[PDB]
Amino acid sequence: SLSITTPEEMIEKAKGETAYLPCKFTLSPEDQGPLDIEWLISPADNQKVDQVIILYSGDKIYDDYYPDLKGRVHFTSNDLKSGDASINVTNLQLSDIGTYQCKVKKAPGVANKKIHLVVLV
């Protein structure tokens, strides 16, 4: 088991600003496997869902590799292993509106949490 301590919440920011989407987690004793973190986006302005935007796996970050939000979504912490899977989305666009899901796995534990993002003109 594994818990994401951030609550599901709605972040509202203005176009062109930076959105911080928190995702902080704690581990249970059996979570001894490799830390794996992913974020997915389900945008409001298209019917595509669960698209990967960022991944931490094998102690490497893959961010711009994923086309959605390329160049604009990055992990905020310099130590993800300390329990901080949060991300920043820079230069917010109206197309960024949607539901973002943080997925944290440290085998065998798994947890997920959704953050809703609204961008204001």
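Structure determination for this PDB entry was carried out by cryo-EM, with a resolution of 9.0 Å recorded in the header.

1. Details of the state of the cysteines
In this structure the tally under the stated criterion is one disulfide. What pairs with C23 in a disulfide is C102, and their sulfur atoms sit 2.1 Å apart. Because the torsion about its S-S bond is -80°, the bridge between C23 and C102 counts as left-handed. One end of the pair, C23, is in the loop between β3 (19-21) and β4 (25-27); the other, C102, is in strand β10 (residues 98-106), with 79 residues separating them in the sequence. Considered together, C23 and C102 belong to a single accessibility category, that of buried residues.

Conventions adopted
- Residues numbered from 1 in each chain as written, not as in the entry; some residues may be left out.
- Part of a larger assembly, values for the part shown.
- Heavy atoms only, no water.
- Disulfide = S-S within 2.5 Å.
- Helix = DSSP H or I, 4+ residues; strand = E, 2+ residues; numbered from the N terminus.
- Buried < 20%, exposed > 50% of the residue type's maximum accessible area, 1.4 Å probe, protein only.

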